[PDB]
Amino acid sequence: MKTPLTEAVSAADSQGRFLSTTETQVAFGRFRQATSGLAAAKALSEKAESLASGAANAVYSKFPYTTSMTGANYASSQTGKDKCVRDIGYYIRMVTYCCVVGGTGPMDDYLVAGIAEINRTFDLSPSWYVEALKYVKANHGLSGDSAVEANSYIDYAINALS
């Protein structure tokens, strides 16, 4: 999967080149980000359960029809509510993974590639998920570089959905 380190390697490999100070800079940039990145992953994982259920309720509030309209695509049943909270938890977990590797790789590999097909087939609205992601961004309680980084991946998912 793509990370700043594997990208640096792939670029060198494709040219048949040993690493140079170019890739050293990539690594020093990576190592600079890692501390706050790993801190973001830690804190998000501790708030994950609460964030996911809190975000789900924020979606229900903005799109109140999703808890009353009949259909397997809706959270008008307990099954649907549980699916929804599960999905939001997936987005959060992916964000932590991106913080751990320093890039969108994990989010891409596990969630974004194919997401459009899923939402089309199961009649789920991208807007629902955008509102969930916005709530997470408002309520993660991170600050500094940890927040800037976490938000970059949250906003990347939002861009993917819109």
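All residue numbers are counted from 1 along the displayed sequence.
K.L.:
Given the B-factors recorded for C-alpha atoms, which segment has the greater mean, 102 to 110 or 48 to 56?
P.N.:
Looking at the recorded C-alpha B-factors, 48 to 56 comes out higher on average.
K.L.:
Kindly indicate the residue among 35, 127, 121, 96 with the greatest C-alpha B-factor in the PDB record.
P.N.:
Highest CA B-factor of the listed options: 35.
K.L.:
When the deposited Cα B-factors of this chain's modelled residues are ordered and cut into thirds, is residue 138 in the lowest, the middle or the highest one?
P.N.:
Residue 138: CA B-factor falls in the highest third of its chain.
K.L.:
Going by what the PDB entry lists, where does residue 31 fall on CA B-factor within its chain: lowest, middle or highest third?
P.N.:
According to the entry, residue 31 has a C-alpha B-factor in the chain's middle third.
K.L.:
Quick check for you: using the entry's CA B-factors within this chain, is residue 72 in the lowest, middle or highest third?
P.N.:
For residue 72, the deposited C-alpha B-factor lands in the highest third.
K.L.:
How does the C-alpha B factor of residue 14 compare with the rest of the chain: lowest, middle or highest third?
P.N.:
Residue 14: CA B-factor falls in the highest third of its chain.
K.L.:
In terms of the chain's CA B-factor thirds, is residue 23 lowest, middle or highest?
P.N.:
According to the entry, residue 23 has a C-alpha B-factor in the chain's lowest third.
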